[PDB]
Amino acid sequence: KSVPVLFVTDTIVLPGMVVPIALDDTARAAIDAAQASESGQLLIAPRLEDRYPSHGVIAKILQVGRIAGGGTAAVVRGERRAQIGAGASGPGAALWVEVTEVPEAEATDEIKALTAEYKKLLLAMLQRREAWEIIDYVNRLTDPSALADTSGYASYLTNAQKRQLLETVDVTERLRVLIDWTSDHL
């Protein structure tokens, strides 16, 4: 399964997040490519360093629009993690990658304990932010991955940390590292 890929340097999109992305040359190429395709699918991947990243997030383009400063951003919603395979030039002038579905994770009882205690630290950290409205939603949230998502929007995590979350398909590994980073709130 082949999709146009857009590399981000300044956000990270995890499954479920909705983010604007300022479109550079490479990026509008990808956006154009995705809007032509059957599926409209867009792969969102962290910074290219010396290798294709192991994983990106399949995303749906919500809206493409001009923004302050004369440039354009695309609003995208992350849908699911995908493993990145082979690359090629493709339709349009986009970079195209073979992707495959990640396996979904069964609800281990220790995942539920990890998710429970990450939720406790998150609510404290949100309470420190006076993010009262978000505390409302986070209270109703039980989906570990969807909860693990929340930290993509966190301003106290580096984009390197967030990339490490993206590339960690293991939920119990994700929750644990999130517990550590969120537990840095002295």
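In this text, residue numbers run from 1 along the sequence as written.
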Higher of the two mean Cα B-factors (141-149, 60-68; per PDB record) comes from 60-68
Of 166-174 and 12-20, the one with larger mean CA B-factor: 166-174
Hey, out of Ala73, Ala94, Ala113, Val97, whose CA B-factor is highest in the deposited coordinates? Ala113
Choose from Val3, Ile179, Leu186, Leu6 the residue with the greatest Cα B-factor as stated in the PDB record. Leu186
Considering only modelled residues of the same chain, in which third does the CA B-factor of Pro53 rank: lowest, middle or highest? middle
Sort the modelled residues of this chain by their C-alpha B factor and say whether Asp32 lands in the lowest, middle or highest third. middle
Please rank the C-alpha B-factors of the chain's modelled residues and tell me whether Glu133 sits in the lowest, middle or highest third. lowest
Quick check for you: using the entry's CA B-factors within this chain, is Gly85 in the lowest, middle or highest third? middle
